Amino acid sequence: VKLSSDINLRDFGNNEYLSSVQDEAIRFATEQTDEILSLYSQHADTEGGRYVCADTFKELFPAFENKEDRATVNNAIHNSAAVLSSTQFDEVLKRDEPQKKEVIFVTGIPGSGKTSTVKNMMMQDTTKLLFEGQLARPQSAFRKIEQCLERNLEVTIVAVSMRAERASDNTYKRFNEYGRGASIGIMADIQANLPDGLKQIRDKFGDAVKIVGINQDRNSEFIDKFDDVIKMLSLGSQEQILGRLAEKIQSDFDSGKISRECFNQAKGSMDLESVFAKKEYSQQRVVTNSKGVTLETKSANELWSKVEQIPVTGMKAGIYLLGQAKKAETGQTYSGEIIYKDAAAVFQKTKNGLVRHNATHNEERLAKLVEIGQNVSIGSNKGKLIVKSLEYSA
């Protein structure tokens, strides 16, 4: 049994460990295909190889054995696991089994309970195959659906859905317990682009492919009609979701709700500073007084409503429009009182108006080095942060 396709190499660059783990993985998958698929079918918890999934195939790789290594090696082995799952998909279809007429695809963001929902499905006499995998970039799924239709099999696509935040909590637990989490980059990518991929599938195949949903925010509510599935899944753009997830994993790390290892796996290869800089504070202002600071947002009706209040002593009265803040240029020093900060930004009132700093600066966390109400100078010498206090009594 040969692999169904070639395994795409990723560029790891200077990390030679992952570059070697990738090559060991591709060699294994390519050369020991017969025996890998046999162990997948006859011996794993996979309904005799009918539950087909790239994640379950990762367990058959040596680099994936210890929980400590899984998050690190994941991206180096994944494509080998995915092509193995694709090969397995085809081998199950090759089995002449006239009774078995149904193929089910399960898709959704990591942490939404796709696999737990598949465990809760009871196999039937007509169930031929069950494939868990992303359908947000559906090019590869077109080939799978195509060869299901060639054999007059009934294709059903189940889109499991959940908020990014609740889904991210589920990956934290799964990482802490089993070393297997999910990156924010891929969580945002899947959730943002899944509506497009399902419509792409719907437009190409029509009624030949049945598309249903599971809303895990509404007590696992079944969604029959395709138009309702698209409304459920439309939970923001990739920029919004990635932005919200970036702020979430950072806030959870700063509060001590997750470890540094659970943070690094969730972050993955994202430059969080780059994400935070994209965040917009138009239609937003901070009102200061002797009691504290108050974040307010303005809606279309020209009304400010309170979003957040932080008690702080020693501040004068002021209104600061966060959308009109000048981005801090690198190299220079900005001296003034910190009027507001969050997971993304730090706002400092200088003599030349309100200045905005990114809360991270070259993997170095600015927000924790300053407090709201504190008078400080912030400057970066050779990409290295210098924060001095300017507090005095006289």
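Counting begins at 1, following the sequence as shown.
The question of which stretch, 303 to 311 or 102 to 110, has the higher mean Cα B factor is settled in favour of 303 to 311. Averaged over CA atoms, B-factors in the entry run higher in 249 to 257 than in the other of 208 to 216 and 249 to 257.
Of the residues listed, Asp224, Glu150, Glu132, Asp196, the entry assigns the biggest Cα temperature factor to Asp224. Out of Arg50, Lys327, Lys58, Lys341, the entry records its largest CA B-factor for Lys327.
Ranked within its chain, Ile26 lands in the middle third, by CA B factor from the PDB record. For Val346, the recorded CA temperature factor ranks within the lowest third of the chain's modelled residues. The entry lists a Cα temperature factor for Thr288 that places it in the middle third of the chain's modelled residues.
Among the modelled residues of its chain, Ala394 has a C-alpha B-factor that falls in the highest third according to the deposited record. Sorting the modelled residues of the chain by their CA temperature factor places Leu385 in the highest third.
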